[PDB]
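The chain below stands alone and is given as structure tokens, in the form deposited in one PDB entry.
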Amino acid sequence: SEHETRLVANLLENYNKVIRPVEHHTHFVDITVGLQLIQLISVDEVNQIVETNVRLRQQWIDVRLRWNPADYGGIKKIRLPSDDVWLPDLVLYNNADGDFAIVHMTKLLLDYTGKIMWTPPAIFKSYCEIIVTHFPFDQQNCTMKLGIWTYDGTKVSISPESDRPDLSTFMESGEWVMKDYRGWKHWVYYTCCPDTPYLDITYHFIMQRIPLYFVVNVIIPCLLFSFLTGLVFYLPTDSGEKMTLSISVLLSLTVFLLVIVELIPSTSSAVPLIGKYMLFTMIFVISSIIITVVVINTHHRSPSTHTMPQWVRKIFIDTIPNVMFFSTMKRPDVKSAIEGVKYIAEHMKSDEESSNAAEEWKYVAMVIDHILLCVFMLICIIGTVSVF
């Protein structure tokens, strides 16, 4: 366009982009800053960084860039490279892993009135204080603090377009639900500069994690192995496999601990309830292993060296078994030949006595083990009902 060619030649012939667009150095540039969230790329929980794809909509008047449309064929809008005009040095204060300012110098829209509309894209990688305490059912509240870097409120004033960021073209995350989002303007009075106000807009996004992925992939297997933890108590000692089951459960749980510690930040500001419950279930498995070892030891007590204490006999054989109603427990040379038969009979009698004592020890082991089974299943019932 010849009209627009001449217009662009005239607008920038003696235009200095180092200077603020004010008619007097006492006036301030009023910038209407509006953040538009396009995509929530990532929430790096371990590194506590939130990547967002945003458009940083900025509007201000540059009276140096006014014209009369009648003198340019009625042209009322032009697109002008942002590198040619004065731009606000708007910085993301809480940058953690990206750029502090806008780097994609996209073209800006300029009205004949000097009104500029600049909506450059950005990938804000901002620091996000991740609260891993209800993981994976947690909601994160982390923000993007935007402000003019080298100008105070008396030179450049930034105001939000609206009380909330723009999520009209926001792509659904698939991992997070955007519950709330608001933009707050703040006047700060730093120590450097205690006379004048410094302005910044903090856009925060209240994000709710969708827990299906982590539920299925981490919590369900740990729940299965935790449930199998107490199944060792229904395993008879004679099988010779209680250690196999309990120790395999423990090995699986330590593997899941290895999996979990790499899913969350190593911060100690808050104890992750997932980690606390892993520790609790691992203490439970360790106690189960200790008690099953005690039960195995009791089951194999030799009556020769061990005599059942009277209190053990009264507790585990006389009272508790009568409590479990749903259990099916109970509650010439011929002289030498004659003497040999006598020895056979008496030795088999002593063997029967020893076998009865050993069977009593085994019954005590079974009763202890069944008590532990019932305790574990009661824990399971109260837990499952509680979550409801």
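Note that residue numbering begins at 1 and tracks the sequence as displayed. For the two forms, the rigid core is made up of the largest set of C-alpha atoms that agree within 1.5 Å on superposition.
The form deposited in another entry is left out here; the points below concern that form.
After superposition on the rigid core, the Cα of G34 moves by less than 2 Å between this form and the one not shown. For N322, the Cα coordinates differ by 2 angstroms or more between this form and the one not shown after the core has been superposed. Annotation: Cα of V375 displaced by less than 2 Å between this form and the one not shown, core superposition. Panel note: the distance between the CA atoms of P321 and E360 is larger in the other form than in this form, the difference being 3 Å or more. Between the C-alpha atoms of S302 and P321, a gap widened by no less than 3 Å is obtained in the other form, as opposed to the form on display.
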